[PDB]
Structure formats: structure tokens, C-alpha cells
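Presented below, as C-alpha cells, is a lone chain in the form deposited in one PDB entry.
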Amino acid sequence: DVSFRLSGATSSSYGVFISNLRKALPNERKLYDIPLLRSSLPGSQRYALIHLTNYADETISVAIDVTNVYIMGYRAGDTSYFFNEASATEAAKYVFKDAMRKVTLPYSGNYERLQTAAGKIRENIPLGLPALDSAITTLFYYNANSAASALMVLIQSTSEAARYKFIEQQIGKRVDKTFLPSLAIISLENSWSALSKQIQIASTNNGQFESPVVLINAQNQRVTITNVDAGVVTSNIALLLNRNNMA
């Protein structure tokens, strides 16, 4: 299991939690020094638990699928909540079995659904440590009306930080303040899948992608990424999704 406590948290301590979470994921091998996630794992090896405690000492435990870093559901006390999707239904057979009640959220875990339910897009939802404290609280005292946006903060502060070093560094830097993510963050989140496939193809094609990927950089310019020498491959992406785990 991996844990993170917000009381006394620093940039450094949030960096240690995201590297511990990366270390908990089994890998096929490495491509360009980047770990390639596994394509299938039995249910007894497939989920990892993260325990998160807020400034008031309130804790939630979150289940993640180690093949794709997707959050399946979470537990607050004796209640478990799972997303409304097939993979989360499979996860419930394996995790939080001793919870007294199980609640199926009315949405699946994807951003187009969550943005809909929150009535707010990702660029106007604050991120940073204090925003994670707040998401913890909201999901511990489950408020149907407030959960989708709390889940987006949760996902971007765990899975998305684990997938990319730039997301991890922007988030960990806000210890006592909050910020709105730029489109460079949103574009990396959007393109994990596509970038992971192209990296795998490039490994058999002298480092060149088969189809370019369009990202948004820090100046807000659209950039066309075509090979493994690009900064995003060399010094940002930290986890690759297996080609068989999209399909």
C-alpha cells in the first residue's frame, strides 16, 4: 500500500509519495528508460491501495488498477464507492471486501463524464495540496453534488502526477496555495494513450512515430511531436500504457 498525509506535507514529501506510487506498479520492461506497464494481471496482483489523510486526520483509501493507473473506487469508513463501469465492477470482487455498504457512483471514471456531473471543466478547477485536502474532505463526507469535482482533483493529483513529471512538479509546488492548470497540463492528460502507443511503435521504427501527437506547450503553442528525441519523451512522461491495454 502507499500513503500520503497532508498535515506537515511539503513539496518534497509529495515527491516521495508520487515516486512510491510509481514504484508500486509492475512493469513489462523499459523502453527509452521508461517503464512499460503490464497488459494483464490476475485479480490478486492487479490493484494497489493508496491511503490519503487530510489536515483534520480524515482518511480515504483509493483502489487503483496497476496496468493503467485508473482509479476504480474509494472507501470512507465502512462504505465503498465504485465508478459505474465494467473494470470497477471487476475490482469490487477483489478490494474493500469488508465494507458494509457499497455504492455505485452514477458515472464512469472518464473526464467527459465527470466534467458533466461537476458542471465545471478541468481548467477552472483548482489544484494543489490544499485542493487535495478539500477533495479528501468532500469524498469522506460524501456529498453527491460535490463529488465529481473532488474526484477530478483526486485523479489529477495521483494518477496524472504519476504519469508525468511535469504534472507532479506543478502540483507539489503549491503547498499553501492553489492554481488553475494550464492547457499544457490538460493536453498531457488528454494524450497519454496516444503518446504511449507511438513510443512503443517508435522502438521498432528507429525512434520515429508512425502518427504525430499534437500537444500544447507552456507558451500555449500547439507543438507536433514526432519522435523520441522530443522533450516530452526524454524528460517528462514517466509511465507507458501497454499497446494491448487500449486496443
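Don't overthink the numbering: it's just position in the shown sequence, from 1.
There is another form of the same protein, the form solved in complex with a partner chain; it is not shown, and what comes next is about it.
Among 194, 34, 184, 48, the residue placing a heavy atom within 4.5 Å of its partner chain in the entry with it bound is 184. Proximity to its partner chain in the entry with it bound, taken as a non-hydrogen atom within 4.5 angstroms, holds for one residue of 69, 52, 199, 215, which is 215.
For the chain shown alone, residue 228 is not a contact residue for its partner chain in the entry with it bound, no non-hydrogen atom being within 4.5 angstroms. Although the partner is absent here, residue 20 lies well away from its partner chain in the entry with it bound, with no heavy atom inside 4.5 Å. The shortest heavy atom separation between residue 236 and its partner chain in the entry with it bound is within 4.5 Å. When its partner chain is considered in the entry with it bound, residue 40 lies well away from it, no heavy atom lying within 4.5 Å. Stretch 218-226 is the contacting one of 40-48, 218-226, 24-32, 57-65, since its residues have non-hydrogen atoms within 4.5 Å of its partner chain in the entry with it bound. Taken together, the three residues 170, 174 and 232 all lie with some non-hydrogen atom within 4.5 angstroms of its partner chain in the entry with it bound.
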